[PDB]
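Just the one chain here, laid out as structure tokens, in the form deposited in one PDB entry.
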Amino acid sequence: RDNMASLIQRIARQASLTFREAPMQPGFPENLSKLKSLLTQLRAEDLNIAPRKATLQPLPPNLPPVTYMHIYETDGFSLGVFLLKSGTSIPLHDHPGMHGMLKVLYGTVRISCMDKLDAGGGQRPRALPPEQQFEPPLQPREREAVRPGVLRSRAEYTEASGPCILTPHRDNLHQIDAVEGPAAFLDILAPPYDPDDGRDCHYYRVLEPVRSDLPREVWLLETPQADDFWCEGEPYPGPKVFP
């Protein structure tokens, strides 16, 4: 095709149309599928990002385990790249009210996908039974705050994998582990997080009871952002999204 914009410009345009008369323009399901088709095509070289290797030395507290390249954002969506060093994870977290789509650029990530049980989805979340104990033991305040959940999947993804999609009510919690070296992925979220307006990134831990196939029910506890987890910016080297 002549006169085609960069792939990342086209992804940004499509995300904007997806998330925000005659002839009728596409609706949301068509737009989301087109967005997924564009992400399926995206390669690290399309963003001028070369695959990284050999984060050879142990990671001191001075250095961020994960870095972030900002590409674009509107009120409707955010668009950027997360780059995980060898042996690091983005800990389990949610995306309140949000859709998400990500695409691995290089390396391998294990993505564990979960949900809190939602009575709007025909579930009946129970309270933690009193005789239920965990390792480490739960403070009584924590017992009241435990949420039943479901661990749906825990697969490994590479650049060959299709994009990974989440919705407000399905696969809305995920953890992302870098497997066998550094890894990176492009992430689209809609709407973007907004701490100032009560749309936060919440972290969770899965509790380990005292006394196995997926899906399986789990107990979840909201937890602060881990002391050793942070994610600082670095320059984005790819084609610029205009304006």
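Numbering starts at 1 and runs along the sequence shown. Whichever C-alpha set is largest while still superposing within 1.5 Å between the two forms counts as the rigid core. Shifts are known only where both forms have a C-alpha.
Just so you know, the form solved in complex with a partner chain exists too; it's not on screen, but the next bit is about it.
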> Quick one: which of 152 to 160, 75 to 83, 134 to 142, 104 to 112 gets within 4.5 Å of its partner chain in the bound PDB entry, going by heavy atoms?
Replying inline: 75 to 83
> Pick from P51, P192, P26, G181: which has a non-hydrogen atom within 4.5 Å of its partner chain in the bound PDB entry?
Replying inline: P192
>> Just to confirm, with a 4.5 Å cut-off on non-hydrogen atoms, which of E30, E208, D196, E45 contacts its partner chain in the bound PDB entry?
In response: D196
> Is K36 close enough to touch its partner chain in the bound PDB entry, meaning at least one heavy atom pair within 4.5 Å?
Replying inline: no
> So in the bound PDB entry, does any heavy atom of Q225 sit within 4.5 Å of its partner chain?
Replying inline: yes
>> Just checking whether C201 would be counted as a contact of its partner chain in the bound PDB entry - the rule being heavy atoms within 4.5 angstroms.
In response: yes
> According to a 4.5 angstroms non-hydrogen atom cut-off, is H99 in contact with its partner chain in the bound PDB entry?
Replying inline: no
> Which bits shift between this form and the one not shown if the core is lined up, counting only runs of three or more residues where every C-alpha moves 2 Å or more?
Replying inline: 139 to 141, 196 to 198
